[PDB]
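Working notes, beginning with the structure itself.
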There are 2 protein chains.
Amino acid sequence: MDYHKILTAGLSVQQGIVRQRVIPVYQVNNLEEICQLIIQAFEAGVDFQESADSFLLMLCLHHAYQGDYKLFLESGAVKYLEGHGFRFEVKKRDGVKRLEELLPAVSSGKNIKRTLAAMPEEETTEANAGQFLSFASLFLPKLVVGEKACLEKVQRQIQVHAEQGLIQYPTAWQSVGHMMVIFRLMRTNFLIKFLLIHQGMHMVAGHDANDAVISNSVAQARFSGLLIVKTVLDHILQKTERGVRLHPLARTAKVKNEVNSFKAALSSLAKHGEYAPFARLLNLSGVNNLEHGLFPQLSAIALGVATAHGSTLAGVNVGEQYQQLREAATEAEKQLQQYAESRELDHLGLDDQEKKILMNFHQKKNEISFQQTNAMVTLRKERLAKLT
Amino acid sequence: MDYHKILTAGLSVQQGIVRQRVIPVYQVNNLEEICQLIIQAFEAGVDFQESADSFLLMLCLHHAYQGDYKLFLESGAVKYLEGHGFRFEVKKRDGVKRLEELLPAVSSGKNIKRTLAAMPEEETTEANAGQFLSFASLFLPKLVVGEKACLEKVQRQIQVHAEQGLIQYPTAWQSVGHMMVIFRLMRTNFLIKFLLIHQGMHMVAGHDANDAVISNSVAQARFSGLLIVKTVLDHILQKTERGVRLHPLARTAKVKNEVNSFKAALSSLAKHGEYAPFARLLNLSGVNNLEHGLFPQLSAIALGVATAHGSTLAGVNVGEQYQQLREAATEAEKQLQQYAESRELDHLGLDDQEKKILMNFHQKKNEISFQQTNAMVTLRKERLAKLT
RNA sequence: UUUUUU
RNA sequence: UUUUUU
RNA sequence: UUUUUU
RNA sequence: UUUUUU
């Protein structure tokens, strides 16, 4: 019989229903006034402890379908979410004007009623659902990293979308605390980011400006936090027309054990399907099976072999446990790649002048790449110096 | 006939029902007020001698299903527990406000009534079931070791989850005695840790923040206390594509007898199934069959061969009965691994420059690993010096 | 009459 | 009785 | 716990 | 983010 079954026995389980969470959907006569009240409430700086979910669902409903309940509850995303415990019920309500009247009067929301009662119900702003969903969707790249990377990326991206004149934003939405509130709201919830991802990756044509911004952010926020998967699968586990061959820097025993464990975890992620490259954003099942430190030898070698080719990967930070191995790996890969290019140039049957000009071209290209990486390493050291 | 049947005759028994323990489930109109009273009661610092089980069950019921009795009593975990003597009955109760009124008035709980009667029923706190279950689930890694390792690990993990801004905890829950009370409650009971493990390993998607913390702690608390299983099955009992071969440091007679006894105990554990790597936490049947001292020769040799490869296993403590054998085993494995790597590099047909750079790379990697283990051993000696 | 160690 | 690192 | 560039 | 000429 087999004995090694116990190690990986619990990785692959069946599929059941464990949550059973029920979400209400309000069907109100007027909708745009309520959406303006919700946007004004989030601009006021308050939070909803549990009841934010129905509000964001109704806002996304107004943006997408413009008030079509029968087609919304027969969609594909709602059909997907009912296979994981979500249950959407529908409630009706007459002409209301206040979110306290719309609130289901839960005693835990006493502080919510206290904050919304102090909110002045007289001021009006100028926005809609599309601007709010685009400005929330800008946070999706680099969301796993932290606050500072998110703020730097979104302050770059607003200026990019302001130069190419698609959409302008109000200046009150560029204060720091408002961005902090939207960052916390995007980090805690689940439903809003799944709706943004599904709507961004399942449109075909007929895009608006807000849909263009959402689809651009979804396309840029791919494989965020899974750099180990790209750096292993591109170089270390190299695909040939015959089959799959290992890199010659990975032919020991311990690294081979790491490769086998990595193949098991990769199959555990590939269970999912179309939503697999977004996993760290959606925090799926087999996400915790792939971490740094659980693959100590393979990670640094894979990152060194990857940063030997590309010149932009020198800016990534690792830690004080892998750096010297990374340096040894990238130097060995540089010299092996130089020898391989020289032998491959000597392979084909050509003239001497063609070989001379190709050697000159390869030498100049290697010099340019060396200078760019030498600049990038000093820029990373300057970043870590300016951090403290 | 056979004569060796008597030694292992009692290891494998049949399956019957020996306990027959009955647990009540209270069905009350209001639930969140009672959950706040229970959390305030555990913050007060009192204990429940027998009646803690129904309280924790009702709290987990409020967190998971939000008050769905009919779907809870038809779940998978409750179906599993009825095969081992647990019997859940359901009782109803009108609008109550005090845990004395909810208590079934047992004369052994006279001290419980005395402590809860002295508890002031006026103060209110700010928490819920999810924060309490996550803060209780943080104790699951390193729970078998002792108090100090638990407190150090959870004070690390709270700061980790505070940097990556998912969840903040109240500062009153970080005093020492409160953590002691929750440690004692987690060590004595059984039902709460089984519910946490099942809910953590059977979700697929749709995680909340508290569910993310619980699933992370369940994933990190795997094979806790069964290091001998990993260190034997990874190296000593090495799997080949042909079959299973023994390590050349384990080809004597006594070690072969230890291997046969280990195979018998491994089959006794593999009887269980999906809950097998969690066994020392759940304290299952064949747990006591695998102990240190019952395998005197195999344990130290296996740990030495394991710590020859990895550089973090040098920090484990053993005792004054295995240390010199561990040292001899790890030195022999270092020199055998060096000779094997040199011969394997000399195996393949390549160029001289490639062999030169691969030898240089292997030499530098071995130097880095040697320096890291030399640091880790002195750190362990410093720990044992600072212990007394 | 049994005599360790876990 | 368990003793690392994630 | 993740750490680049688009 | 695209960057010419017709």
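Scanning residues 5 or more positions from A:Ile17 or on other chains, none has an amide H under 5 Å from its amide H, with H placed 1.01 Å from N in the peptide plane. This ranking places B:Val22, B:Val213 by how few other beta-carbon atoms lie within 10 Å of each, fewest first, which gives B:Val22, B:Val213. Placing unit charges on the Cβ atoms of the charged side chains and taking the dipole of chain B about its Cα centre, the candidate lying farthest along the positive direction among B:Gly206, B:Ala149, B:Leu246 is B:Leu246.
In this entry, the stretch B:256-296 is assigned a mean projected area of 2.9 nm², taken as a quarter of its C-alpha convex hull surface. Using the rule -39500 (n - 2.57) for each DSSP H run of four or more residues, divided by the residues of chain B, the 222 nm mean residue ellipticity is -17000 deg cm²/dmol. Put simply, the amide H of A:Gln27, placed in the peptide plane, has neighbours under 5 Å in A:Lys91, A:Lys92, A:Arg93, leaving out anything fewer than 5 places away on its chain.
Expressed as a fraction of 2.2 N^0.38 Å, the value expected for a compact globular protein of N residues, the C-alpha radius of gyration of the stretch B:1-155 is 1.34. Overall form of the stretch A:189-292: prolate. Here a/c, set by the Cα gyration tensor axes a ≥ b ≥ c, is 1.5 or more, and a/b is the larger of a/b and b/c.
Distances between equivalent label points of A:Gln49 across the copies, with each point positioned 7 Å along Cα→Cβ, amount to 3.5 nm, shortest listed first. Coupling constants for the stretch B:272-286 follow from the phi torsions by the Karplus curve (6.51 cos²θ - 1.76 cosθ + 1.60, θ = phi - 60°), and in residue order they are 4, x, 6, 8, 5, x, 9, 5, 5, 6, 8, 6, 7, 6, x Hz; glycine and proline get x.
Direction-averaged shadow area of the convex hull around the Cα atoms of the protein assembly as shown, nm²?
It is 43.6 nm².
In nanometres and ascending order, the distances from the A:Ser267 label point to those of the other copies are 2.5 (point 7 Å from Cα along Cα→Cβ). Peptides A:120-129, B:107-116, B:323-332, A:282-291, ordered by how many other C-beta atoms sit within 10 Å of their residues on average, highest first, read A:282-291, B:323-332, B:107-116, A:120-129.
Shown in residue order for the stretch A:293-303 are the 3J(HN,Hα) couplings computed by the Karplus curve 6.51 cos²θ - 1.76 cosθ + 1.60 at θ = phi - 60°: x, 7, 10, x, 7, 6, 5, 5, 5, 5, 5 Hz (x for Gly and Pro).
In this structure the amide hydrogen of B:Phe86, modeled in the peptide plane, comes within under 5 Å of the amide hydrogens of B:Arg21, none closer than 5 places in sequence on its chain. Normalised by 2.2 N^0.38 Å, where N is the number of residues, the C-alpha radius of gyration of the stretch B:170-211 stands at 1.48.
How would the stretch B:119-182 be classified by its alpha-carbon gyration tensor: rounded, prolate or oblate, with rounded meaning a/c under 1.5 and the a/b versus b/c comparison settling the rest?
Oblate is the answer for the stretch B:119-182, as a/c is 1.5 or above yet b/c matches or exceeds a/b.
Taking Cβ atoms as reference points and 15 Å as the exclusive limit, the residues near B:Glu320 contribute a net charge of +2, counting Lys and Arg as +1 and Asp and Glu as -1.
If both residues of a DSSP beta bridge must be in the protein assembly as shown, then about 30% of such bridges are antiparallel. Sequentially through the stretch B:127-142, phi angles give Karplus couplings (6.51, -1.76, 1.60; θ = phi - 60°) of 7, 7, 6, x, 5, 5, 5, 6, 5, 7, 6, 5, 7, 5, x, 6 Hz, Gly and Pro residues having no value and appearing as x. Annotation for B:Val145, label-to-label distances across the other copies: 3.3 nm (shortest first, one decimal, point 7 Å from Cα along Cα→Cβ).
What translational D, rounded to a whole number of µm²/s, comes out for the stretch A:54-100 from Stokes-Einstein when the hydrodynamic radius is the Kirkwood one over Cα pairs, at 4 °C and 1.567 mPa s? Display every interim value, and only then the final one.
Working: Rh = 12.2 Å.
For these conditions, the coefficient is 107 µm²/s.
Looking at chain B, what % of its DSSP beta bridges pair antiparallel, to the nearest 5? Bridges in chain B that DSSP calls antiparallel: roughly 30 percent.
How much net charge surrounds B:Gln220 when only the other residues with a Cβ under 11 Å from the Cβ of B:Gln220 are counted, with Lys and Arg +1 and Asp and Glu -1? Within the 11 Å Cβ shell, the charges total +2. Mind checking Rg over Rh on chain A, alpha carbons, Kirkwood formula for Rh? Result for chain A is an Rg/Rh of 1.05.
How much net charge surrounds B:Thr188 when only the other residues with a Cβ under 13 Å from the Cβ of B:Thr188 are counted, with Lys and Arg +1 and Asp and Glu -1?
My count for the surroundings of B:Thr188 gives 0.
Taken together, the values in this text are just the output of simple stated rules run on the coordinates, not laboratory data. Cβ atoms come from the backbone with ideal geometry, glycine included; neighbour counts cover every protein chain shown.
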